[PDB]
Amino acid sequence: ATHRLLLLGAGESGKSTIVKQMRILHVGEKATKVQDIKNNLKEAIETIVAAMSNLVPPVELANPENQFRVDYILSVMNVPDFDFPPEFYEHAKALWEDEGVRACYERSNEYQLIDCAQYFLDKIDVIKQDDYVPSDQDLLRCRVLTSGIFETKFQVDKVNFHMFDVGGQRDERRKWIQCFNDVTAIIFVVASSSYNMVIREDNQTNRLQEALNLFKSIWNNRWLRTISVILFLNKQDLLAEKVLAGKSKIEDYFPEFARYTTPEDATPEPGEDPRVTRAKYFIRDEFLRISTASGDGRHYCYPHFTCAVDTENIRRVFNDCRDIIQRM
């Protein structure tokens, strides 16, 4: 038996991260990813710094000295093959400890910043070492853009799985079609936490809305009429964090939230704040409303609360997926 799984979703939703877990779970080497981790680091610090003056209102530095460090980062920003001298890390580290820069970090939904920003900036002293060895979590956080289609083959209890990873940005979606025919099932990934952000493509369209519209076009697609969709409501850790933080209200982006009350059949985790329960289930339902409205019997939608960088959770949810695929 051979199952062909197609990963779909908007850009930065977590599709590539899911594939990375499959290798970790079911499959000179990882030294090539060091450079990629270092790029994410340079990308994160330069984006926060360059964003300070453009915000409205503009965020100011807490330390005058750091202005020179700001000048340093912006001057090396466009450098092609950067050598990463030890000065760079000292500058990056200094800037990341400046409270002004952190205030600008808290407002990152107002601009375009990668997800692994805080994770790496907090590990500068680790990444800078010559004898640095990327941990498993480091490889899971590393962000590199997907262009083209990529097949990852693996086995779970002698059962074969062919997983296809695709680019999720607008211009990349035109290739998806090349994987529609003879697909066992689709796994749709959504950045549940990106409700207060806009997509890169135009800098205006809300990320969640884009995911919602993308789901509607997949669910109601003419060529996937009988194809089921396993829905990964990803980035649950970041959702919970934002919800509890109380600074960016969900109902200021999706007004309908103000009417929403947690369902009866809801199954929260142990000790989970009812506020987080409410938010995660609301997002879930916005997707179910679309799947509920059509198909009927031809195909079904199976949602799951996930966190792609958490290997435990992925083992758990993918095993749930195996039960869904085999039963029917």
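So that the term is clear: the rigid core is the largest set of C-alpha atoms that superpose within 1.5 Å between two forms. A residue's number is simply how far along the shown sequence it sits, counting from 1.
Core superposition of the other structures onto this form places the C-alphas of 30-38 farther off in 5 other deposited structures of this protein than those of the other stretch among 30-38 and 45-53.
According to the entry, the deposited sequence places 4 to 9 unmodelled residues between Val27 and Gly28. In this entry, the higher average B-factor at the C-alpha atoms falls on 70-78, of the pair 70-78 and 194-202. Mean CA B-factor, 230-238 versus 177-185: the higher value falls on 177-185. Note on the listed residues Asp131, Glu172, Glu110, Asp122: the highest Cα temperature factor in the record is that of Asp131. By the numbers in the PDB entry, the CA B factor is greatest at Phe150 among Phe150, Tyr105, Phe88, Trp223. Per the PDB record, residue ranking by Cα B-factor puts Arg298 in the highest third of the chain. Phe154: CA B factor lies in the highest third for its chain, per the PDB record. Among the modelled residues of its chain, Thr292 has a C-alpha B-factor that falls in the highest third according to the deposited record.
Annotation for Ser135: CA B-factor lies in the middle third of the chain's modelled residues. Split the chain's modelled residues into thirds by C-alpha temperature factor. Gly100 is in the middle one.
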